[PDB]
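Neighbour counts are summed over all protein chains in view; Cβ atoms, including those assigned to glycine, are modelled from backbone coordinates with ideal geometry. Read-outs throughout are calculated quantities, based only on the coordinates presented, and are distinct from any laboratory measurement.
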Amino acid sequence: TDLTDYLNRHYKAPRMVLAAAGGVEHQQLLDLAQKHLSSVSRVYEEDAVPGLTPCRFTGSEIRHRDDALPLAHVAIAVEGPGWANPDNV
Amino acid sequence: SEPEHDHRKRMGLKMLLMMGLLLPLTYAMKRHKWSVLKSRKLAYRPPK
């Protein structure tokens with residue numbers, strides 16, 4: 001039931017991109033999307049749009065000590081800007 | 001016997017004010033650097 005709920009509320013039409021690359025024609029692909037991919041959901045089924053709140057970055061530290069492994073993996077990160085912020089480049 | 005008495009008491013007053021300023025501040029830096037560790041949470045995952 002929870003898989004059916006997830007499929008209902010997270011597989012809607014405005015959150016989907018049908019992308020083609022290579023030996024394709026855009027008009028033929030548009031006709032095929034108008035034929036098969038017409039009326040995917042279009043309905044939120046509760047009139048409740050699901051969104052994304054921001055996520056708080058936390059300067060913290062996790063150490064999993066297990067001396068039986070031969071090698072150690074360490075990752076150090078800081079908070080990044082995001083997708084649309086141009087200084088990414 | 002104590003020609004330095006008034007100067008000693010003035011230096012003592014300045015010392016009392018000065019240490020009353022700097023004991024909480026040095027304690028605050030110590031609590032900063034050691035509250036790195038005093039909120040540390042440890043867990044155990046034995047494979048059984």
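A few notes on this one:
- Of everything in segment B:1-17 that is of a type in the set (D, E, K, R) and not in a loop (DSSP other than H, G, I, E, B), the residue that is nearest to A:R63 (Cα to Cα) is B:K14.
- Of the residues making up segment B:18-41, those that are more than 30 Å from A:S60 (Cα to Cα) and surrounded by 10 or more Cβ atoms within 10 Å (Cβ to Cβ) are B:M18, B:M19, B:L21.
- Residue match in segment A:73-81 (condition: free of Cβ contacts under 8 Å to residues at least 24 places away in the same chain, out of contact with any helix residue (DSSP H, G or I) (no Cβ under 8 Å at 6 or more places or on another chain), exposed (fewer than 10 other Cβ atoms within 10 Å of the Cβ) and farther than 30 Å from B:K38 by Cα): no
- The sole residue among A:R42, A:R9 that is assigned to a loop (DSSP other than H, G, I, E, B) and touching a residue at least 24 places away in the same chain (Cβ under 8 Å) is A:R42.
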